[PDB]
Each structure stands twice: as C-alpha cells, then as structure tokens.
Amino acid sequence: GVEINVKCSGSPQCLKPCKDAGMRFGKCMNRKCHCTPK
C-alpha cells in the first residue's frame with residue numbers, strides 16, 4: 001500500500017504531497033493519494 005491519505009484533485013495535486021515526501025511518480029483517489037517509491 002504505497003498511498004497516503006491526502007486531499008487530492010487531479011494527478012498534479014498529489015504530485016505536490018509526494019514532492020515533499022522525496023519520492024517519484026504517483027496517482028489519485030476519491031479521497032486518497034498514491035505514491036511510488038524507488
């Protein structure tokens with residue numbers, strides 16, 4: 001489960017939370033975020 005509960009809208013809104021997380025690539029969800037670690 002590499003996802004984090006974050007309020008996202010569109011793909012780039014989740015790109016921001018993952019930016020500070022130091023990871024790359026991600027996705028979105030009705031009320032959740034998706035992050036992909038190396």
# chains A, B, ... in the order shown; residues from 1 in each chain; ligands from 1
>>> residues_around(residues="residue 2 of chain A", least_positions_apart="3", cutoff="7 Å", atoms="only C-alpha atoms", output="ChimeraX atom specification")
/A:34-36
>>> residues_around(residues="residue 21 of chain A", least_positions_apart="4", cutoff="10 Å", atoms="only C-alpha atoms", output="ChimeraX atom specification")
/A:15-17,35,37
>>> select_by_dssp(residues="chain A", states="alpha helix (DSSP H)", output="PyMOL selection string")
chain A and resi 10-20
>>> write_last_selection(atoms="N, CA and C atoms", output="compact mmCIF listing (two decimals), in the first residue's frame")
# COMPACT_ATOMS: atom_id res chain seq x y z
N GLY A 10 -7.17 15.88 -9.31
CA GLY A 10 -6.31 15.73 -10.46
C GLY A 10 -4.99 15.07 -10.07
N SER A 11 -4.21 14.65 -11.05
CA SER A 11 -2.94 13.98 -10.78
C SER A 11 -1.87 14.87 -10.12
N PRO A 12 -1.66 16.11 -10.61
CA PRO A 12 -0.63 17.01 -10.08
C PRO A 12 -0.81 17.44 -8.63
N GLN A 13 -2.04 17.47 -8.15
CA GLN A 13 -2.28 17.86 -6.76
C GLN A 13 -1.65 16.85 -5.82
N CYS A 14 -1.59 15.59 -6.24
CA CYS A 14 -0.95 14.54 -5.45
C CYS A 14 0.56 14.57 -5.70
N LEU A 15 0.97 15.12 -6.84
CA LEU A 15 2.39 15.26 -7.14
C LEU A 15 3.06 16.14 -6.09
N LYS A 16 2.31 17.12 -5.56
CA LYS A 16 2.86 18.04 -4.56
C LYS A 16 3.16 17.34 -3.22
N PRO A 17 2.19 16.62 -2.62
CA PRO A 17 2.44 15.91 -1.36
C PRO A 17 3.63 14.94 -1.49
N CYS A 18 3.72 14.27 -2.64
CA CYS A 18 4.81 13.33 -2.87
C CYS A 18 6.13 14.07 -3.08
N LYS A 19 6.06 15.33 -3.53
CA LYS A 19 7.26 16.13 -3.75
C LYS A 19 8.03 16.29 -2.44
N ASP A 20 7.32 16.69 -1.39
CA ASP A 20 7.94 16.86 -0.08
C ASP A 20 8.32 15.51 0.51
>>> select_by_dssp(residues="chain A", states="strand (DSSP E)", output="ChimeraX atom specification")
/A:3-4,24-28,33-36
>>> residues_around(residues="residue 31 of chain A", least_positions_apart="4", cutoff="12 Å", atoms="only C-alpha atoms", output="list in words")
residues 3, 4, 5, 6, 7, 8, 9, 10, 13, 14 and 27 of chain A
>>> residues_around(residues="residue 38 of chain A", least_positions_apart="6", cutoff="10 Å", atoms="only C-alpha atoms", output="VMD selection string")
chain A and resid 23 to 25
>>> write_last_selection(atoms="N, CA and C atoms", output="JSON list (two decimals), in the first residue's frame")
[["chain", "number", "residue", "atom", "x", "y", "z"],
["A", 23, "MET", "N", 9.85, 11.27, -2.98],
["A", 23, "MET", "CA", 9.66, 10.11, -3.86],
["A", 23, "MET", "C", 9.33, 10.55, -5.29],
["A", 24, "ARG", "N", 9.13, 9.58, -6.19],
["A", 24, "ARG", "CA", 8.82, 9.87, -7.59],
["A", 24, "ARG", "C", 7.54, 9.16, -8.05],
["A", 25, "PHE", "N", 6.84, 9.75, -9.03],
["A", 25, "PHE", "CA", 5.61, 9.18, -9.59],
["A", 25, "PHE", "C", 4.52, 8.96, -8.52]]
